[PDB]
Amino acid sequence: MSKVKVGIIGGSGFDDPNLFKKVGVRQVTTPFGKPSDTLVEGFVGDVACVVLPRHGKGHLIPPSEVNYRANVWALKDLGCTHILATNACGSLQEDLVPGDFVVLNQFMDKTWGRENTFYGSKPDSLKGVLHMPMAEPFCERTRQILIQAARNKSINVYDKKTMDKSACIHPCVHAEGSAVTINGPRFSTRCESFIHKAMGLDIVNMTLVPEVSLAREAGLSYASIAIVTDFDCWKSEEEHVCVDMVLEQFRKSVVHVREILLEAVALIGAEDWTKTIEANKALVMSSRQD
């Protein structure tokens, strides 16, 4: 007890997943404030796991007002070594269809006003200046776990660099992808959606950043599964994103999301992470510029 342990952050359409029988419910505080909700601990098989809804169980907290620092820190505090996160998103690409999933490997950040670092010279932060490399922002091993889990659960995986497009059979998990994270709470204009598309981005979401950055700052291995619920608004009027559209597609996909997450947890449990964890901690220390 207790390394390794998997934190799971649930977004839209995934506010109150019943992933396992609750063992403990933790009301915690962090040096950066309260988490979105109480943290629920238990087991998937023999693997310690902790579940946390990003927006509160009642989804009363908008993406821009989520205390990403407290959520990640609380997970760290409870002994998590990994975080798996879900993120509802819209597709900016023809090959990414509602019902698909994307194991993101890249992002472009257009958020603001969100506390995005544990470190600084304000009293509300830890002392120091952390300049973390983010060139490939996710934990690669954990990404591959998510993909291998999809395969273990007989869900199609599409890998651009190894398969031709005819092998892109829906619904499928895309083995790579880039996300633009917008601040919200409004969805994009068509003008924004076309610009994002022209930039080469795969999907658009509101919740990926700064969660992914803070996980790394926290010395944790993080990976996102993005649930494609819509085509944003670059296609026809009938295909223009709204809350109803996002929710309806998510409820159709939740079963697969649950399956991937539970299998991913087991697979993380079947491996040693001593060196990777050590390298996570080390990357943090080497990143100190103070």
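Position 1 is the first residue in the sequence shown; the rest follow in order.
J.: I want to check something about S221: across the other compared entries that model its neighbours, is it left unbuilt in at least a third?
T.: It is not, since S221 is included in all of the other entries that model both flanking stretches.
J.: I'd like to know whether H59, which is modelled here, goes unmodelled in a third or more of the other compared entries that cover its flanking residues.
T.: No, modelled in all of them.
J.: Tell me which stretch has the larger mean Cα B-factor in this entry, 136 to 144 or 166 to 174.
T.: It is 166 to 174 that shows the higher mean C-alpha B-factor.
J.: On mean Cα temperature factor in this entry, is 228 to 236 or 62 to 70 the higher one?
T.: Looking at the recorded C-alpha B-factors, 228 to 236 comes out higher on average.
J.: Between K160, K197, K110, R216, which one tops the list for Cα B-factor in this entry?
T.: Comparing C-alpha B-factors across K160, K197, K110, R216, the top value belongs to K160.
J.: Per the entry's Cα B factor values, which of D124, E115, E211, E192 stands out as the maximum?
T.: Answer for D124, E115, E211, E192: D124, with the highest C-alpha B-factor.
J.: Among the modelled residues of this chain, does the Cα B factor of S154 put it in the lowest, middle or highest third?
T.: Within its chain, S154 is a highest-third residue by C-alpha B-factor, going by the deposited values.
J.: Within this chain, which third does the Cα B-factor at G90 fall in: lowest, middle or highest?
T.: For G90, the deposited C-alpha B-factor lands in the lowest third.
J.: Sort the modelled residues of this chain by their C-alpha B factor and say whether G99 lands in the lowest, middle or highest third.
T.: It falls in the middle third of the chain.
J.: Going by the CA temperature factor in the PDB record, which third of the chain does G128 belong to: lowest, middle or highest?
T.: Highest third of the chain for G128's C-alpha B-factor.
J.: Divide the modelled residues of the chain into thirds by Cα B-factor and specify which third, lowest, middle or highest, holds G120.
T.: It falls in the top third of the chain.
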